[PDB]
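Just one chain is shown here, as structure tokens, and it is the form deposited in one PDB entry.
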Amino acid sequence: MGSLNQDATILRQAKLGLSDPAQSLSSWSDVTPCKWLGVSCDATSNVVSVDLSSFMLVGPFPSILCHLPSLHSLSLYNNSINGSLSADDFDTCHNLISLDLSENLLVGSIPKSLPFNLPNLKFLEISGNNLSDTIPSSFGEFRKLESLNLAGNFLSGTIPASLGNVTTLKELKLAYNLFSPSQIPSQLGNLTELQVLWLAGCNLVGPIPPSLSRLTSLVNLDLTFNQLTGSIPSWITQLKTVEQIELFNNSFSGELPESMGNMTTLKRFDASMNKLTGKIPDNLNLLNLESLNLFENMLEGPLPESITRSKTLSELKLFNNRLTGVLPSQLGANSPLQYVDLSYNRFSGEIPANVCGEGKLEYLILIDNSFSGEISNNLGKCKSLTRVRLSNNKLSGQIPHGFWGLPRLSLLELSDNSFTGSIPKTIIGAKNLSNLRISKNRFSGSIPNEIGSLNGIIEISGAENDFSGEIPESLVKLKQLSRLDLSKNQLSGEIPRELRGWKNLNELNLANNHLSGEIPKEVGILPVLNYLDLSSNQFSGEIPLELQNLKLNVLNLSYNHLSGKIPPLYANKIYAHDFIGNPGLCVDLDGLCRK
């Protein structure tokens, strides 16, 4: 009864110091305070924990909550607690074990007196505020602290060496602050219990200190977004419980530790965007691996066959390296591959036939390699695909029938190969198709009418093929179509006359075909058309005056059968090359019409 009274009064006093526009604390306005929202009590009915996470509360830190004599846990995670932290705010909070002030609006410095006022803390988070000035050196006096998270503030100076004295720490998160360029303090190697070290975006320079080899309980080492130099040290390989290594966007050089293969516990490894050389380690037994990213390095040699031992692998991004050889033939048969990006390497041989064996593959990105042979019919049934980029390889044969109509396929990029065949009518199934990029192949036959039913299409790019027959009238009501490029084909017939459907058409390129008829007047009323190339066809009649409405980066009507006069806006000799090779055409200058 006495404790319920005490508790209720202190909680209400604290609440009076806050604004509650969401009415999150309506229960604090008949019932025991032990059953109020966010409030937990011990068996003597004293408040032990207040958790107001995500309650949309506004105002200064509610110091009054610390007057609850048994309060051990306080969370104000994700509110609008504002102003600054004063020394005084925490004077009475000395019983706290847990304090979470993350994701608020706090500004100013961390009080230097905080460890003295909060000497029992095991858990301190003040991530995602606007804290400035340095991390106080007094933080080295915490005797019990297990986790410290100051990530995502504007803290500056350098990481204090005294944090190495807090040998109870298991997690140290200081990522995304505004520190001066400095080395990781050697003294952090004294934190021999550390499981998480997150110093991403900390302006770190120099090598990973050798003392960090004493952190044998590391589970997550994340030093991303710094300018760390030298080798990735081979001691990471001997961490018996390591699950995640994140070292991307640094200046690491040398090779991947040769014994990486034995890291059976490793789930995620990313050393992308460094200056690594040499090979991917072989004899991989990476049983728990989910993600391997090594893109934008200078790696050479093959993808080892032993990658196929990673039966939970879902992400493999190796793009922009100097990797060579054939891919392991079994890649993806036994892995839930989701994102595969091996672009800009020198891989050869066939695309592994079961890359989508488990039906999870979303991105297949293989641009700029020397892959050859045909696309497996398997991929024709890979219904999870959203993004396919196979351009600039040595691929051939017919595309699998179902590939054209995959239901989630957004980008279909096949350009600069030697594919043959006609586009089937089953392209009608590609409901999500945004970009069709198939230029520079040997595709034949007519562009199917059904492409006009795919309302989301923004790009149809099919230049340098063997397409023939007519442009389907249906293309003309693709309301979102931005780029139409069917240059260098064998297309015939006319351009449709009614083009107001093409409100987003920026580029119309039909150069080098067998197209005939007049240029429709409505070409000039297209509101965002900046590129118009109708050259090397058999267009006849007069150049519509509406073209003078457009601001064209490219206008090319050369090598046609056009007649009459050039529109006056283009009468100057600098435009002449836009109209060459139209015997019937002339320019009106000074009275006479000149060829």
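In case it trips you up, residue 1 is the first one in the sequence shown, and so on. Just so we're on the same page, rigid core means the largest C-alpha set that superposes within 1.5 Å between forms.
- Counting the deposited residues that fall between residue 40 and residue 41 and carry no coordinates gives zero.
- Taking only CA atoms, the mean B-factor in the PDB entry is higher for 470-478 than for the other of 300-308 and 470-478.
- Relative to one another, 340-348 and 447-455 have unequal mean CA B-factors, and 447-455 is the one with the higher figure.
- The top Cα temperature factor in the record, among 172, 499, 101, 228, falls on 499.
- Listed residues 293, 147, 516, 177 were ranked by CA B-factor as deposited; 516 comes out on top.
- In the deposited entry, the Cα temperature factor of residue 60 places it in the middle third of its chain's modelled residues.
- Residue 116: CA B factor in the middle third of modelled residues in this chain (values from the PDB entry).
- In the deposited entry, the Cα temperature factor of residue 36 places it in the lowest third of its chain's modelled residues.
- In the PDB entry, a CA B factor belonging to the highest third of its chain's modelled residues is recorded for residue 503.
- Among the modelled residues of its chain, residue 108 has a C-alpha B-factor that falls in the middle third according to the deposited record.
Not pictured, yet referred to below: the form deposited in another entry.
- Core-based superposition between the shown form and the other one shows that, of 171, 246, 374, 522, only 522 has its Cα displaced by 2 Å or more.
- After superposition on the rigid core, the Cα of residue 397 moves by less than 2 Å between the shown form and the other one.
- Residue displacement note: residue 273 has its CA displaced by under 2 Å between the shown form and the other one (rigid core superposed).
- Annotation: Cα of residue 498 displaced by at least 2 Å between the shown form and the other one, core superposition.
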